[PDB]
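> This is structure.txt (compact mmCIF, N, CA and C atoms).
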# COMPACT_ATOMS: atom_id res chain seq x y z
N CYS A 409 0.85 -1.20 0.00
CA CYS A 409 0.00 0.00 0.00
C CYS A 409 0.89 1.27 0.00
N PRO A 410 0.70 2.15 -0.99
CA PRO A 410 1.49 3.41 -1.14
C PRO A 410 1.04 4.53 -0.15
N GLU A 411 1.60 5.74 -0.31
CA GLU A 411 1.25 6.92 0.58
C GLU A 411 -0.27 7.11 0.69
N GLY A 412 -0.77 7.32 1.90
CA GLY A 412 -2.25 7.48 2.14
C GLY A 412 -2.83 6.12 2.57
N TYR A 413 -2.43 5.05 1.90
CA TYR A 413 -2.89 3.66 2.23
C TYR A 413 -1.97 3.13 3.36
N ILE A 414 -2.32 3.40 4.61
CA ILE A 414 -1.46 2.97 5.78
C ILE A 414 -1.96 1.64 6.41
N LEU A 415 -1.32 1.21 7.49
CA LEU A 415 -1.70 -0.06 8.19
C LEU A 415 -2.49 0.32 9.46
N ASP A 416 -3.74 -0.07 9.54
CA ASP A 416 -4.59 0.25 10.75
C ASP A 416 -5.18 -1.04 11.37
N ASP A 417 -6.09 -0.88 12.35
CA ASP A 417 -6.74 -2.05 13.06
C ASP A 417 -5.67 -2.97 13.68
N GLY A 418 -5.16 -3.94 12.93
CA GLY A 418 -4.08 -4.86 13.43
C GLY A 418 -2.97 -4.98 12.37
N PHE A 419 -2.56 -3.85 11.79
CA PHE A 419 -1.49 -3.82 10.73
C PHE A 419 -2.05 -4.45 9.42
N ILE A 420 -3.04 -3.79 8.84
CA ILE A 420 -3.67 -4.27 7.55
C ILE A 420 -3.85 -3.09 6.57
N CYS A 421 -3.84 -3.37 5.27
CA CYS A 421 -3.99 -2.28 4.23
C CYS A 421 -5.35 -1.58 4.37
N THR A 422 -5.32 -0.34 4.83
CA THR A 422 -6.59 0.46 5.05
C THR A 422 -6.94 1.26 3.78
N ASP A 423 -8.23 1.49 3.55
CA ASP A 423 -8.69 2.26 2.35
C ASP A 423 -8.42 3.78 2.52
N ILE A 424 -8.91 4.60 1.59
CA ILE A 424 -8.70 6.10 1.64
C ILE A 424 -9.48 6.80 0.50
N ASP A 425 -9.34 6.34 -0.75
CA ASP A 425 -10.04 6.95 -1.94
C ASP A 425 -9.56 8.42 -2.10
N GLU A 426 -8.24 8.58 -2.27
CA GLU A 426 -7.57 9.94 -2.44
C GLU A 426 -7.50 10.66 -1.13
Please express the file's structure as structure tokens.

Amino acid sequence: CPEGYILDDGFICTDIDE
């Protein structure tokens, strides 16, 4: 996951949509 798409909850690819 690139910039903006970070790791949340328990270190998982989180969404964003720009």
> Pick out the residues sitting within 12 Å of residue 426 in chain A, and hand them over as a ChimeraX atom specification; count only C-alpha atoms, and ignore anything fewer than 6 positions along from it in its own chain.
/A:410-413
> Any chance you could list, as number ranges by chain, the residues in chain A that come up strand (DSSP E) when DSSP is run on the backbone?
A: 415-416, 420-421
> Compile the contact shell of residue 409 in chain A as a count of residues only: residues with an atom at most 8 Å away, counting all atoms listed in the file, same-chain residues fewer than 4 positions apart removed.
5
> Please return the centre and edge lengths, in Å to one decimal, of a box with edges along x, y and z that contains all listed atoms of range 413-424 of chain A, widened by 6 Å on every side, as AutoDock Vina command-line options.

--center_x -5.4 --center_y 0.9 --center_z 7.1 --size_x 20.2 --size_y 23.8 --size_z 25.2
> For chain A, which lacks atoms in the input, supply N, CA, C and O atoms and format the output as a PDB file, keeping the file's coordinate frame.

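And here is the file that came out, selection17.pdb:
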ATOM      1  N   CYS A 409       0.850  -1.200   0.000  1.00  0.00           N
ATOM      2  CA  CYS A 409       0.000   0.000   0.000  1.00  0.00           C
ATOM      3  C   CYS A 409       0.890   1.270   0.000  1.00  0.00           C
ATOM      4  O   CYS A 409       1.740   1.412   0.872  1.00  0.00           O
ATOM      5  N   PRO A 410       0.700   2.150  -0.990  1.00  0.00           N
ATOM      6  CA  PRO A 410       1.490   3.410  -1.140  1.00  0.00           C
ATOM      7  C   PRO A 410       1.040   4.530  -0.150  1.00  0.00           C
ATOM      8  O   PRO A 410       0.211   4.299   0.728  1.00  0.00           O
ATOM      9  N   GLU A 411       1.600   5.740  -0.310  1.00  0.00           N
ATOM     10  CA  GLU A 411       1.250   6.920   0.580  1.00  0.00           C
ATOM     11  C   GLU A 411      -0.270   7.110   0.690  1.00  0.00           C
ATOM     12  O   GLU A 411      -0.992   7.034  -0.306  1.00  0.00           O
ATOM     13  N   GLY A 412      -0.770   7.320   1.900  1.00  0.00           N
ATOM     14  CA  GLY A 412      -2.250   7.480   2.140  1.00  0.00           C
ATOM     15  C   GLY A 412      -2.830   6.120   2.570  1.00  0.00           C
ATOM     16  O   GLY A 412      -3.610   6.047   3.513  1.00  0.00           O
ATOM     17  N   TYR A 413      -2.430   5.050   1.900  1.00  0.00           N
ATOM     18  CA  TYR A 413      -2.890   3.660   2.230  1.00  0.00           C
ATOM     19  C   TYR A 413      -1.970   3.130   3.360  1.00  0.00           C
ATOM     20  O   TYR A 413      -0.928   2.520   3.099  1.00  0.00           O
ATOM     21  N   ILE A 414      -2.320   3.400   4.610  1.00  0.00           N
ATOM     22  CA  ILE A 414      -1.460   2.970   5.780  1.00  0.00           C
ATOM     23  C   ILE A 414      -1.960   1.640   6.410  1.00  0.00           C
ATOM     24  O   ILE A 414      -2.902   1.016   5.918  1.00  0.00           O
ATOM     25  N   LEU A 415      -1.320   1.210   7.490  1.00  0.00           N
ATOM     26  CA  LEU A 415      -1.700  -0.060   8.190  1.00  0.00           C
ATOM     27  C   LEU A 415      -2.490   0.320   9.460  1.00  0.00           C
ATOM     28  O   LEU A 415      -1.948   0.967  10.358  1.00  0.00           O
ATOM     29  N   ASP A 416      -3.740  -0.070   9.540  1.00  0.00           N
ATOM     30  CA  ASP A 416      -4.590   0.250  10.750  1.00  0.00           C
ATOM     31  C   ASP A 416      -5.180  -1.040  11.370  1.00  0.00           C
ATOM     32  O   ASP A 416      -4.814  -2.137  10.981  1.00  0.00           O
ATOM     33  N   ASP A 417      -6.090  -0.880  12.350  1.00  0.00           N
ATOM     34  CA  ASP A 417      -6.740  -2.050  13.060  1.00  0.00           C
ATOM     35  C   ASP A 417      -5.670  -2.970  13.680  1.00  0.00           C
ATOM     36  O   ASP A 417      -5.295  -2.785  14.832  1.00  0.00           O
ATOM     37  N   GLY A 418      -5.160  -3.940  12.930  1.00  0.00           N
ATOM     38  CA  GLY A 418      -4.080  -4.860  13.430  1.00  0.00           C
ATOM     39  C   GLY A 418      -2.970  -4.980  12.370  1.00  0.00           C
ATOM     40  O   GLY A 418      -2.522  -6.076  12.079  1.00  0.00           O
ATOM     41  N   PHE A 419      -2.560  -3.850  11.790  1.00  0.00           N
ATOM     42  CA  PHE A 419      -1.490  -3.820  10.730  1.00  0.00           C
ATOM     43  C   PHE A 419      -2.050  -4.450   9.420  1.00  0.00           C
ATOM     44  O   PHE A 419      -1.592  -5.483   8.946  1.00  0.00           O
ATOM     45  N   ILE A 420      -3.040  -3.790   8.840  1.00  0.00           N
ATOM     46  CA  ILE A 420      -3.670  -4.270   7.550  1.00  0.00           C
ATOM     47  C   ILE A 420      -3.850  -3.090   6.570  1.00  0.00           C
ATOM     48  O   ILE A 420      -3.975  -1.937   6.991  1.00  0.00           O
ATOM     49  N   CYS A 421      -3.840  -3.370   5.270  1.00  0.00           N
ATOM     50  CA  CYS A 421      -3.990  -2.280   4.230  1.00  0.00           C
ATOM     51  C   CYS A 421      -5.350  -1.580   4.370  1.00  0.00           C
ATOM     52  O   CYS A 421      -6.396  -2.163   4.100  1.00  0.00           O
ATOM     53  N   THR A 422      -5.320  -0.340   4.830  1.00  0.00           N
ATOM     54  CA  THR A 422      -6.590   0.460   5.050  1.00  0.00           C
ATOM     55  C   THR A 422      -6.940   1.260   3.780  1.00  0.00           C
ATOM     56  O   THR A 422      -6.056   1.674   3.025  1.00  0.00           O
ATOM     57  N   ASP A 423      -8.230   1.490   3.550  1.00  0.00           N
ATOM     58  CA  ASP A 423      -8.690   2.260   2.350  1.00  0.00           C
ATOM     59  C   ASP A 423      -8.420   3.780   2.520  1.00  0.00           C
ATOM     60  O   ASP A 423      -7.776   4.209   3.480  1.00  0.00           O
ATOM     61  N   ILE A 424      -8.910   4.600   1.590  1.00  0.00           N
ATOM     62  CA  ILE A 424      -8.700   6.100   1.640  1.00  0.00           C
ATOM     63  C   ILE A 424      -9.480   6.800   0.500  1.00  0.00           C
ATOM     64  O   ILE A 424     -10.192   7.762   0.757  1.00  0.00           O
ATOM     65  N   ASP A 425      -9.340   6.340  -0.750  1.00  0.00           N
ATOM     66  CA  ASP A 425     -10.040   6.950  -1.940  1.00  0.00           C
ATOM     67  C   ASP A 425      -9.560   8.420  -2.100  1.00  0.00           C
ATOM     68  O   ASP A 425     -10.352   9.360  -2.066  1.00  0.00           O
ATOM     69  N   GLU A 426      -8.240   8.580  -2.270  1.00  0.00           N
ATOM     70  CA  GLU A 426      -7.570   9.940  -2.440  1.00  0.00           C
ATOM     71  C   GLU A 426      -7.500  10.660  -1.130  1.00  0.00           C
ATOM     72  O   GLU A 426      -7.977  11.789  -1.021  1.00  0.00           O
TER      73      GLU A 426
END
